[PDB]
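Chain naming here is simple, since letters A, B, ... match the order of the sequence lines and numbering starts at 1 in each.
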There are 2 protein chains.
Amino acid sequence: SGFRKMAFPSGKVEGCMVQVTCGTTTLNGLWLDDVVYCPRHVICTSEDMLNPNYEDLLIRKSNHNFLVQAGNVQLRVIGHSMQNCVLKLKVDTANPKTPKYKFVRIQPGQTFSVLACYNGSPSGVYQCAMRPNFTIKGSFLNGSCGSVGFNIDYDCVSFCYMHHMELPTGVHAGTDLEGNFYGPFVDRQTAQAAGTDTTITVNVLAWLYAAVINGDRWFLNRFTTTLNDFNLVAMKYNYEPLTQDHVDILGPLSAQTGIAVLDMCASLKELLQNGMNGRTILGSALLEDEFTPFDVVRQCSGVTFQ
Amino acid sequence: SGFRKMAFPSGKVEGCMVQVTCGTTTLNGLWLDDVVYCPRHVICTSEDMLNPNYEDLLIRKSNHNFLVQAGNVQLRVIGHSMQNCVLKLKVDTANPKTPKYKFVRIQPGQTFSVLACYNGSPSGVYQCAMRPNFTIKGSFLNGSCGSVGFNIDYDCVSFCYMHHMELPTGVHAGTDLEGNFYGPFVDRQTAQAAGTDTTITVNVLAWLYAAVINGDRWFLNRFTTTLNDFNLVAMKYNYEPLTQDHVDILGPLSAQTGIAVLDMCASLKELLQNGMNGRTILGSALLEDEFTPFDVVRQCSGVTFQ
Ligand SMILES: *C(=O)c1cc(-c2cccc3[nH]ncc23)cc(OC)c1OCC(=O)N(C)C
Ligand SMILES: *C(=O)c1cc(-c2cccc3[nH]ncc23)cc(OC)c1OCC(=O)N(C)C
């Protein structure tokens with residue numbers, strides 16, 4: 001028992017991280033088969049980052065202008081292309097450590113692990129949620145661009161995030177591995193509105209079920225509610241509306257705990273209206289929304305990976 | 001910027017995890033060079049776990065009674081010995097993935113990453129602190145024994161924890177890699193008092209400095225304090241006494257932020273006496289004590305590992 005914010009084991013991804021240098025900019029790239037993926041703003045100087053014409057800036061570059069280093073070894077770049085906001089550098093060597101992998105575009109509310117990297121070397125790993133407003137609340141310093149977020153299903157790594165920038169508000173923005181930004185952000189240093197962020201209701205309920213499984217249960221009450229009534233409260237507290245799809249994915253947890261989803265919503269309603277009165281749930285004094293229902297079942301059932 | 005509970009990259013440790021079977025018990029072992037380390041209670045049946053005589057129970061076992069599996073390959077056991085509460089199985093093959101490593105006994109308040117494993121396969125990674133009472137607040141299910149906690153310094157893995165059991169209170173207990181339990185616990189299924197746990201004061205202060213570095217600063221006040229006065233309050237709130245050694249290790253953070261350690265204690269004093277008034281610090285509504293001062297500098301400076 002016990003419940004922790006648990007990241008995937010990072011070994012499969014560690015073997016894919018390389019360092020990419022262009023001019024005086026160095027950041028991280030992802031080496032899969034014979035292609036290295038990295039943020040296209042690697043080709044930018046500081047004077048270019050206001051309103052960069054990436055097409056024009058990439059034209060001034062040739063294969064030999066991109067230095068790719070995996071550990072202490074050189075890769076040789078034999079082709080380069082831009083896909084949306086990512087650069088794809090073809091190298092002459094397939095990565096011998098390439099895992100089975102897929103590129104996925106995650107939906108808001110879904111979670112993933114982030115391997116924070118500097119100079120092509122792993123620094124640490126943590127679990128993140130894609131916020132409803134398509135930012136992530138990460139931990140990234142200068143040099144971390146090109147760090148990736150991922151999920152693992154047995155032996156297959158699904159890459160879903162590449163880190164591109166920090167907004168002036170201190171939150172983070174990036175792309176999928178096809179180079180499409182999550183949200184409305186662009187890779188230029190301008191003012192960018194993140195937009196109102198809400199709480200991922202289905203994830204809070206998942207965590208409340210996790211709490212019950214683990215012995216934290218003072219918050220269970222003698223009330224129930226309806227989808228519509230609960231959604232009235234959700235709107236008041238800037239929670240995402242609950243749908244029957246969300247109820248359906250909470251099914252397995254309701255079966256495990258014997259607590260109907262709408263009864264757990266009624267507990268959540270009272271917690272929203274009355275607070276926690278200075279108590280805690282799973283070691284937290286606020287409502288946690290970065291565990292999906294799959295995350296809770298995964299952790300509480302001990303699923304492993306190759 | 002941003003501050004997250006960050007675990008070490010787990011790849012070096014992933015390559016050391018094996019499955020160990022004895023009788024009908026299967027758990028995790030750590031394969032370093034030609035030795036596999038695992039909890040000695042692998043040799044126990046359920047009827048033995050009340051008052052096991054491990055010496056007598058190990059006498060009934062020979063090398064061929066221990067099945068060690070690394071992935072899908074067999075290791076052959078050519079020697080077995082008991083060191084305190086760990087079994088050391090000599091195998092005929094040195095682990096080709098053995099990292100540079102050391103065995104360390106950590107002190108209370110120090111942190112480490114835990115690679116939770118089942119059947120010799122990694123399930124996830126999270127950051128833990130050794131509580132002052134020598135328990136850890138982990139996430140462990142049946143099958144997780146032999147999962148290990150570790151730190152990494154560049155290319156060297158310092159193993160500090162092997163998971164052995166869950167106490168009836170739901171917290172976790174285990175040994176260093178020489179098999180000495182942390183705390184007063186024993187590997188038998190009996191009643192075991194954890195003892196009063198306190199908050200790791202120096203870690204809370206480290207996190208408050210982390211908050212300031214990251215823009216969370218409403219809690220800075222116009223007061224100061226003295227070691228003795230602050231320690232009066234610490235005692236009242238079940239915080240560990242602050243010593244000049246603790247002040248000294250907070251030096252680098254005070255220099256970075258320009259906030260004297262005793263001024264930060266005065267902020268902590270007011271937070272202890274007045275609470276947070278429904279506000280948050282680094283996304284938390286309670287005072288966090290699982291970041292050491294080194295952890296904060298490590299995360300805020302982007303230290304990497306080979
Ligand atoms: C990419 O590595 C990168 C990183 C930053 C940056 C700075 C501070 C915090 C932070 N969090 N995520 C990213 C962060 C800034 C960069 O440039 C200013 C940057 O590299 C891009 C670059 O150097 N140019 C000129 C495009
Ligand atoms: C070791 O893998 C192990 C694990 C448990 C156990 C059960 C539930 C939660 C939990 N958290 N950490 C460890 C936990 C219980 C075991 O045996 C009852 C156990 O293996 C030891 C064993 O099977 N015997 C009989 C010694």
Student check: side-chain heavy atoms of A:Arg298 and A:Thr292 closer than 4.5 Å: no

Plane angle bin for A:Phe305 and A:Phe8 - parallel if under 30°, tilted between 30 and 60°, otherwise perpendicular: perpendicular

Sub-4.5 Å side-chain heavy-atom contact between B:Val212 and B:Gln256: no

B:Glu240 and B:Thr201: CA distance, side-chain angles, deciding distance, side-chain hydrogen bond (donor to acceptor under 3.5 Å, both in side chains) verdict: CA-CA 6 Å; B:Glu240 265 188 53; B:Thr201 306; over 6 Å; no

Nearest heavy atoms of B:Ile152 and B:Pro9, plus distance in Å: CD1-O, 3.2 Å

Test item: B:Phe294 and B:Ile249 side chains (from C-beta on) under 4.5 Å apart, heavy atoms: no

Straight-line distance of A:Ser144 OG to A:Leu27 CG, nearest 0.5 Å: 9.0 Å

Residue pair A:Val171 / A:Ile136, side-chain heavy-atom distance below 4.5 Å: no

Verdict with reasoning, B:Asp295 to B:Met6, per side-chain contact (heavy atoms from CB on, under 4.5 Å): CA-CA 9 Å; B:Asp295 294 342; B:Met6 177 163 312; over 6 Å; no

A:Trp207 side chain to A:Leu282 backbone, donor-acceptor under 3.5 Å: no

Ring-ring centroid check B:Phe3 B:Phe291, cutoff 6.0 Å: yes

Under 3.5 Å side-chain donor-acceptor pair for A:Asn151 and A:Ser158: no

Plane angle bin for B:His163 and B:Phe140 - parallel if under 30°, tilted between 30 and 60°, otherwise perpendicular: parallel

Intermediate values then yes/no, side-chain hydrogen bond (donor to acceptor under 3.5 Å, both in side chains), A:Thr111 and A:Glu290: CA-CA 7 Å; A:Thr111 55; A:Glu290 307 220 326; over 6 Å; no

Over-ring placement of A:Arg105 relative to A:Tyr182, 6.0 Å and 45° cut-offs: yes

Side-chain heavy atoms of A:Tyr126 within contact of A:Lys5, under 4.5 Å: no

A:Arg4 CZ to A:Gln299 CD distance, which is reported to the nearest 0.5 Å: 10.0 Å

From CG (B:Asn221) to OG (B:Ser267), nearest 0.5 Å: 4.0 Å

Contact check, side chains of B:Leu208 and B:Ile281, non-hydrogen atoms, under 4.5 Å: yes

Beyond-backbone contact of A:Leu287 with A:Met276, side-chain heavy atoms, under 4.5 angstrom: yes

Nearest atoms (heavy-atom pairs only) where B:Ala7 meets B:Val125: CB-CG2, 3.6 Å

Inter-residue atom distance A:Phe134.CZ - A:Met130.CE, 0.5 Å rounding: 7.5 Å

Chi angles and distances behind the side-chain hydrogen bond (donor to acceptor under 3.5 Å, both in side chains) call for B:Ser284, B:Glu288: CA-CA 8 Å; B:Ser284 173; B:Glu288 169 73 39; 5.2 Å; no

Salt-bridge criterion met for B:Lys137 and B:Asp197 (N-O under 4.0 Å): yes

A:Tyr118 side chain near A:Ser147 side chain, heavy-atom distance below 4.5 Å: no

Test item: B:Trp218 side-chain N/O and B:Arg279 main-chain N/O as donor-acceptor pair under 3.5 Å: no

Derivation and outcome, salt bridge (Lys or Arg N to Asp or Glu O under 4.0 Å), residues B:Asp289 and B:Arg131: CA-CA 10 Å; B:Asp289 75 339; B:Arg131 301 309 310 174; 2.6 Å; yes

Whether A:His172 side chain and A:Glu166 backbone form a donor-acceptor pair below 3.5 Å: no

side-chain hydrogen bond (donor to acceptor under 3.5 Å, both in side chains) assessment of B:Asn133 paired with B:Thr135: CA-CA 6 Å; B:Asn133 72 356; B:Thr135 61; 2.7 Å; yes

A:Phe159, A:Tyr161, A:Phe150 screened by ring pair (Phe, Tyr, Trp, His ring centres under 6.0 Å) with A:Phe112, the one that passes: A:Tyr161

